Amino acid sequence: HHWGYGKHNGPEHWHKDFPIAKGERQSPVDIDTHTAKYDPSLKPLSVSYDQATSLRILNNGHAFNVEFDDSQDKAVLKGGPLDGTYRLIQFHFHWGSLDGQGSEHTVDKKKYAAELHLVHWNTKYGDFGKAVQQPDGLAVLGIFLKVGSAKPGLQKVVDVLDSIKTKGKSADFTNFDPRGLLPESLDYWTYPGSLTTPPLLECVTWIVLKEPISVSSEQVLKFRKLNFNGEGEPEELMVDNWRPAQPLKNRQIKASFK
Ligand SMILES: O=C1NS(=O)(=O)c2cc(-n3cc(CCO[C@H]4O[C@@H](CO)[C@@H](O)[C@H](O)[C@@H]4O)nn3)ccc21
Ligand SMILES: [Zn+2]
Ligand SMILES: [Zn+2]
């Protein structure tokens, strides 16, 4: 397949099919905490997930997505740097082969073991496919994972992964509460960026939480048993499915906190 995370089709190759890979607002980035500026005009985040309706979990060959019913305002993100209402469509993770790497964003060059992306689209554009064509189409909440104590709210995800080992497999995944994946604090950094996988569209307001969540070694080990390949193809473990930091260029990272 034309893109992935291998030696021959990984991030350094993506620009050939997707020239925006070398664009002006690509993600992820390194968050230099001393250069980010506190913006007192930034509002607290409003995460309203009480009526979230998860539906399904899918191994798409690059990560696994937990998908939500986004046909109504059931789970929404508002406030912070955002104007308007953004609906939760899915979440997924990026992770490493080793605990020392796996996140996409970095903090003063520190890599975390993994990174959670809760993906939301701006309801003024009607559907996700139209939203990704707009500079304010998506809002992605990024949450770092470090290895330590288990995250209880993650275990229902971990335990279904055996049923979606290979690319193209899906399973029912109802009644999952994404609030169980949030840290205590909603302090954040924010900047304008892009999707971190092809087509790398420059449509994302990134909101990256300062406080990581802790997951156990056993939880992350279960992520690393997934496969990039389809069933009946040679096994390639789904690990190191992260894009490295891209140049910040003409962008400022703002902090919600001092
Ligand atoms: O790399 C990323 N950072 S991300 O977390 O914001 C994120 C979120 C997503 N999602 C995609 C979908 C449903 C299908 O949509 C896809 O099909 C067309 C529109 O329908 C394309 O225009 C476009 O390829 C789009 O991806 N749900 N989430 C994919 C990648 C990334
Ligand atoms: Zn391909
Ligand atoms: Zn992602």
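FYI, side chains are in, hydrogens and waters are out, and symmetry mates aren't considered; it's all heavy atoms of this structure. In listed order, ligands and their atoms are each counted from 1. For the single chain, residues carry numbers from 1 onward in sequence order.
- As for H117, its N/O/S atom nearest the Zn ion (ligand 3) is the one called ND1.
- Using a 4.0 Å cut-off to heavy atoms of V140, the atoms of ligand 1 that qualify are 6 (O).
- Atom numbering of ligand 1 starts at 1 in the shown order; those under 4.0 Å from a heavy atom of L138 are 6 (O).
- For ligand 1 and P199, the ligand atoms under 4.0 Å from any heavy atom of the residue are 24 (O).
- Checked against the 6.0 Å centroid threshold, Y191 and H105 count as a close aromatic pair.
- Annotation: atom 28 (N) of ligand 1 to nearest protein heavy atom, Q90 NE2, 2.9 Å.
- Every residue two or more places apart in sequence or in another chain that forms a side chain to side chain donor-acceptor pair (under 3.5 Å) with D69 is listed here: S71, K74.
- Atoms of ligand 1 lying under 4.0 Å from at least one heavy atom of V132, given by number and element, are 22 (O).
- Contact atoms of ligand 1 toward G129: 19 (C), 20 (O) (distance under 4.0 Å to a heavy atom of the residue).
- Side-chain contact between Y49 and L118 is present, with heavy atoms from C-beta onward closer than 4.5 Å.
- Here is the list of ligand 1 atoms found below 4.0 Å of a heavy atom in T196: 1 (O), 2 (C), 3 (N).
- Listed by chain and number, the protein atoms of type N/O/S under 2.8 Å from the Zn ion (ligand 2) are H1 ND1, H2 N, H2 ND1; waters are omitted.
- Less than 4.0 angstrom separates some heavy atom of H92 from each of these atoms of ligand 1: 5 (O).
- Residue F128 holds the heavy atom nearest to atom 14 (C) of ligand 1 of all those in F68, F128, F91.
- In this structure, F93 has its ring center at least 6.0 angstrom away from the ring center of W242.
- Taking 4.0 Å as the cut-off between side-chain N and carboxylate O, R179 and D50 count as a salt-bridged pair.
- Atom 7 (C) of ligand 1 has as its closest protein heavy atom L195 CD2, 4.0 Å.
- For ligand 1, none of its N or O atoms has an N or O atom of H117 under 3.5 Å away.
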